[PDB]
2 protein chains.
Amino acid sequence: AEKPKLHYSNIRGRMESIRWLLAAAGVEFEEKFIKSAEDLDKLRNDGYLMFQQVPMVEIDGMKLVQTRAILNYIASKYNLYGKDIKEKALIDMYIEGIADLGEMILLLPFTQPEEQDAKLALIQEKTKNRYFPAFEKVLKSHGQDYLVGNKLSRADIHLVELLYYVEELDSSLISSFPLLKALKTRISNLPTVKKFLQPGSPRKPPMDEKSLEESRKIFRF
Amino acid sequence: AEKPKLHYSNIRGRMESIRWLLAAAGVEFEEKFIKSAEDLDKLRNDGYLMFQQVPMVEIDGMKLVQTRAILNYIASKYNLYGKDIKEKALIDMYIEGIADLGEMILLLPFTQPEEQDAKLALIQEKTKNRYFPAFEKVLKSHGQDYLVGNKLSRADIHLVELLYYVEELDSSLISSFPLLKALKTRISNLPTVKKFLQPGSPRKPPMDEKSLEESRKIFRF
Ligand SMILES: C[C@]12CCC(=O)C=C1CC[C@@H]1[C@@H]2CC[C@]2(C)C(=O)CC[C@@H]12
Ligand SMILES: C[C@]12CCC(=O)C=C1CC[C@@H]1[C@@H]2CC[C@]2(C)C(=O)CC[C@@H]12
């Protein structure tokens with residue numbers, strides 16, 4: 001038909017969780033890579049960015065900005081946001097938990113090199129001492145395979161995405177957390193998620209020196 | 001039903017947008033004020049707080065934490081989150097912009113004395129040239145009295161709530177936005193809002209030296 005169109009640079013950044021979520025719902029999409037500050041300026045000058053920033057997603061006849069606005073729409077549309085307002089409330093509480101950790105991780109590669117040790121240390125402590133216990137507690141409490149309502153929701157996808165990033169930063173962090181380890185395998189084995197994990201998918205690589213410099217120019221810092 | 005129960009200290013912080021939104025929907029609520037570090041850790045130890053943080057609200061048999069999850073639940077329950085998925089996307093996009101500036105203002109009194117003049121200046125520039133233009137544009141484009149679907153939603157409440165704080169910080173910032181000026185008066189004259197704006201309501205004051213030191217000891221900074 002008309003595929004969702006993703007407006008971002010060729011990095012993870014704030015678009016990566018939208019990619020995951022779209023792939024987990026079986027949704028094929030297109031990416032229009034911003035390659036320069038001039039490209040970003042175009043979308044601004046045209047009036048397509050309500051707050052002058054990307055991510056912007058063209059979907060279902062709307063140009064959506066703001067990551068949470070985009071992710072909420074996809075999750076509602078593709079039934080990954082709970083069956084009722086009470087499940088939705090548990091989903092929202094958990095994913096906001098996930099985003100707390102998610103944001104520290106996203107910001108890490110853009111931090112000054114004379115800060116990166118302490119920031120990762122802060123991710124280490126929060127992850128082991130607080131956030132991983134919270135999610136393990138949830139799974140232990142119901143003994144079910146999904147976070148909410150005994151059914152795949154966005155929270156499983158958001159948490160597993162995050163597990164792959166935690167995995168890369170410090171592989172020991174998940175070690176004392178068995179149900180988290182098992183959630184990760186089971187979700188990785190879902191057909192849609194299995195496909196996105198394959199080489200050549202729109203799953204993006206971690207930041208490196210070259211993209212960091214690309215980003216400096218595009219986003220002007 | 002029960003009265004919803006709000007756990008927080010007697011300050012605005014992250015609970016204040018939840019008080020506004022409950023008041024606007026005409027919901028009576030109870031506040032159990034945290035007055036020490038000990039009241040807060042008791043909450044933690046009793047397992048009331050998923051991520052060991054407030055705001056927390058007891059509502060409909062849940063101990064909901066994370067400001068966005070509480071807000072989304074209340075808004076959906078009281079029909080303030082739009083009529084359908086597409087009106088929800090518009091609302092989500094709007095409120096996240098409103099929260100981007102909202103966050104600047106919320107964090108402001110907690111910044112170091114020597115940062116505060118630059119922090120304010122950034123709030124003034126972003127207000128004048130990015131956020132107020134954005135919502136003045138919305139109103140001009142549809143010609144209606146409300147931001148979304150010609151009907152009161154949470155976006156009206158959160159924005160007007162925000163216009164009150166911008167007035168505290170700099171009364172001139174709104175002077176060039178006649179449609180924003182008019183929205184505030186309409187919304188403020190609404191009977192739930194008018195009541196919550198009266199003396200002795202649950203509405204909270206600006207931070208002062210004393211609530212700042214209270215917060216240092218409760219939240220520990
Ligand atoms: C604002 C910011 C954080 C504070 C800082 O120190 C430097 C930057 C500049 C790059 C921003 C980043 C935040 C996250 C952004 C938006 C992305 O996901 C792509 C580029 C990146
Ligand atoms: C983290 C923080 C900002 C960064 C900073 O400079 C100092 C603090 C300490 C208190 C936090 C605040 C964020 C907003 C919080 C959660 C409230 O609404 C009440 C207490 C307060």
Side-chain angles (χ1 to χ4, degrees), chain A residues 14 44 47 49-53 55-79 81-82 84-101 103 126-127 129-138 141 147-148 155, chain B residues 14 44 47 49-53 55-82 84-101 103 126 129-138 141 147-148 155:
Chain A
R14 303 195 179 274
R44 283 158 180 153
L49 306 174
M50 180 175 180
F51 307 109
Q52 315 295 290
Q53 307 142 281
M56 185 267 286
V57 175
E58 302 182 35
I59 183 154
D60 291 343
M62 316 170 293
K63 300 186 209 296
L64 295 184
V65 286
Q66 288 290 354
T67 303
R68 296 195 178 72
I70 296 162
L71 286 174
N72 291 350
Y73 177 75
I74 299 172
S76 293
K77 189 183 178 199
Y78 297 109
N79 304 133
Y81 218 162
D84 53 39
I85 70 165
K86 283 192 204 173
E87 288 189 10
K88 179 160 179 301
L90 298 181
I91 293 155
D92 268 342
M93 172 168 49
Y94 301 180
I95 69 183
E96 287 299 307
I98 296 158
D100 277 350
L101 229 44
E103 187 68 0
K126 290 293 191 282
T127 284
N129 302 351
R130 192 168 277 207
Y131 283 80
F132 278 21
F135 302 122
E136 192 80 13
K137 184 159 208 277
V138 157
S141 177
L147 289 167
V148 185
Chain B
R14 297 207 181 275
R44 293 172 172 148
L49 318 177
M50 190 173 172
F51 307 106
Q52 328 299 337
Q53 305 149 87
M56 191 272 264
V57 172
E58 300 167 75
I59 193 170
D60 289 313
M62 307 174 293
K63 313 311 144 163
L64 273 183
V65 291
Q66 295 282 357
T67 304
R68 291 180 181 97
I70 299 160
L71 286 170
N72 293 353
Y73 184 76
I74 291 163
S76 294
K77 190 191 167 97
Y78 296 106
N79 301 303
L80 285 171
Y81 215 162
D84 60 29
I85 184 184
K86 287 194 177 179
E87 264 190 16
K88 280 215 178 32
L90 270 200
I91 284 158
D92 272 329
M93 174 162 67
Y94 287 22
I95 67 180
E96 289 285 305
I98 295 157
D100 287 334
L101 185 64
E103 187 71 354
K126 287 289 178 266
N129 312 307
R130 176 182 287 182
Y131 303 105
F132 274 10
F135 295 109
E136 183 74 348
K137 179 186 179 190
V138 166
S141 300
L147 296 159
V148 183

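Residue numbers begin at 1 in each chain, while the letters A, B, ... track the order of the sequences.
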Check: Between B/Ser76 and A/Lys88, is a side-chain contact (heavy atoms from CB on, under 4.5 Å) present by the stated rule, with each step listed?
Finding: CA-CA 10 Å; B/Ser76 294; A/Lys88 179 160 179 301; 4.3 Å; yes
Check: Is chain B contacted by the side chain of A/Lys86, its backbone, both, or neither, given a heavy-atom distance below 4.5 Å?
Finding: both
Note to self: Taking side chain as everything from C-beta outward and backbone as N, CA, C, O, which of these in A/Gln52 sits under 4.5 Å from a heavy atom of chain B? Side chain, backbone, both or neither.
What the structure shows: side chain
Check: B/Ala89 and A/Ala69: which non-hydrogen atoms are nearest, and at how many Å?
Finding: O-CB, 4.2 Å
Item checked: Top of B/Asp60, B/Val138, B/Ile70 for chain A proximity - count of heavy-atom pairs under 4.5 angstrom -> B/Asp60
Check: Quick one: does B/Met93's side chain get under 4.5 Å of A/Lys63's, heavy atoms only?
Finding: no
Next item on the list: Can you sort out the partners of A/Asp100 under salt bridge (charged side-chain N to carboxylate O under 4.0 Å, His left out), two or more places apart, ordered by chain and number?
Entry: none
Check: Looking at B/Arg68, B/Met50, B/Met62, B/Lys77, which one has more heavy-atom pairs under 4.5 Å with chain A than the rest?
Finding: B/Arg68
Check: What distance separates B/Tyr81 OH from A/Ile85 CD1, expressed to the nearest 0.5 Å?
Finding: 12.0 Å
Check: Quick one: salt bridge (charged side-chain N to carboxylate O under 4.0 Å, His left out) partners of B/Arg14, sequence neighbours excluded?
Finding: B/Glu103
Item checked: Aromatic ring proximity B/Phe51/A/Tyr94, centre distance under 6.0 Å -> no
Notebook entry, point to check: CG of A/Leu71 to CG of B/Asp92: how many Å apart, nearest 0.5 Å?
Noted result: 10.0 Å
